[PDB]
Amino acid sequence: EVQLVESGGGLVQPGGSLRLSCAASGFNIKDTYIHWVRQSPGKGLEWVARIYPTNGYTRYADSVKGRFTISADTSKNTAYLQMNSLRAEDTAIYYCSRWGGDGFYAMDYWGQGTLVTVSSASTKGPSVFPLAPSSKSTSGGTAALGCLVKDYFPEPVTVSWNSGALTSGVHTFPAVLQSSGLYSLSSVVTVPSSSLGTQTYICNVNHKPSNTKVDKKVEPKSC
């Protein structure tokens, strides 16, 4: 199974430096080209750099030349992107991909990607509040409940329900940027009304940039 895994993304100040890694498995990077491609609201999908690890030949996008360098360690089957003199415009998901793999002249495997956020704002962990089910969140024998994940920076946060065992009826809303410059989102799930009180419902919230891990049990209110 071919796999590429990016790591190293995170919050960095303008002018700052970051180094990304791209760990390959299931194939040898000496047999292919390895690319970095980024994706942003401002420019969409934008090629960044490439390397041919068996001879070290590299090419770069004009907008990053001199500021970024690509490299590869074949003994670790890993490629790297050094990112210096970072600017707001470099804020993006960074993917690594391979090209020419199995003779296919396209980028046929891409990693999950890693987000780089270039900003002078500080890391902030979220507060997690229950959205308790109530007489105002039920109809037709089913009920909605959720978690409000408020005031965090930077992205991302992840939310699951019951350690991932609960996926049906879940809606985790896109994050919204508040006027404060902090993000917020809610995740809700619709369940049988009859399960409230007998089935435990927990939202598992993780904000790695702040090392925030919260497991919030959501139940009906007291009255």
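Numbering starts at 1 and follows the sequence shown.
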{"item": "Residue stretch of maximal mean CA temperature factor, 161 to 169 vs 65 to 73", "value": "161 to 169"}
{"item": "Between 189 to 197 and 34 to 42 (mean CA B-factor, as deposited), the higher", "value": "189 to 197"}
{"item": "Selection by C-alpha B-factor (highest) of 153, 80, 105, 110", "value": "105"}
{"item": "Chain-relative CA temperature factor third for residue 20", "value": "lowest"}
{"item": "Chain thirds of CA B-factor: placement of residue 184", "value": "lowest"}
{"item": "Residue 131 - which third its CA temperature factor falls in, relative to the rest of the chain", "value": "middle"}
{"item": "Residue 146 - which third its CA temperature factor falls in, relative to the rest of the chain", "value": "lowest"}
{"item": "Residue 52 by Cα B-factor - lowest, middle or highest third of the modelled chain", "value": "middle"}
